[PDB]
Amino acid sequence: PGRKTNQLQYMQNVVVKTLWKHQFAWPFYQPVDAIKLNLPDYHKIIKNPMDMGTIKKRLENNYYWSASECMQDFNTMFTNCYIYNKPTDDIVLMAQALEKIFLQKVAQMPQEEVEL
């Protein structure tokens, strides 16, 4: 049972909007295709796949009851990348840079969540 809240509007119109424009965001626009990309252990390790295209669609269709759930999906997306890849891989540094922006935006979100 989703909702429209001030914080969810912020997640869609600030957080997703800002991250999508970043030059490092493109690996996260769609689900990881482990077969196409030749990552045969991906789904053995990553059991909760998430990507920013899915998050964007969820916000556009009022899937979430609270922005906390949307923040959870972002954390899953970043953490999956940190888990699957090796510590020095470029994609990990890209994800870290995106997470830094994510956290900066979250810090400026309205602190109390109000249903609109």
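Throughout, we count residues from 1 along the sequence that is shown. Think of the rigid core as the biggest set of C-alphas that the two forms share within 1.5 Å after superposition.
Between 67-75 and 33-41, the larger mean CA deviation from the shown form in 7 other deposited structures of this protein, after core superposition, belongs to 33-41.
For the two regions 104-112 and 21-29, the entry's Cα B-factors average higher over 104-112.
For the pair 49-57 and 35-43, the mean B factor over Cα atoms is greater in 35-43. Ranked against the other modelled residues of its chain, the C-alpha B-factor of residue 64 as given in the entry falls in the highest third. For residue 75, the recorded CA temperature factor ranks within the middle third of the chain's modelled residues.
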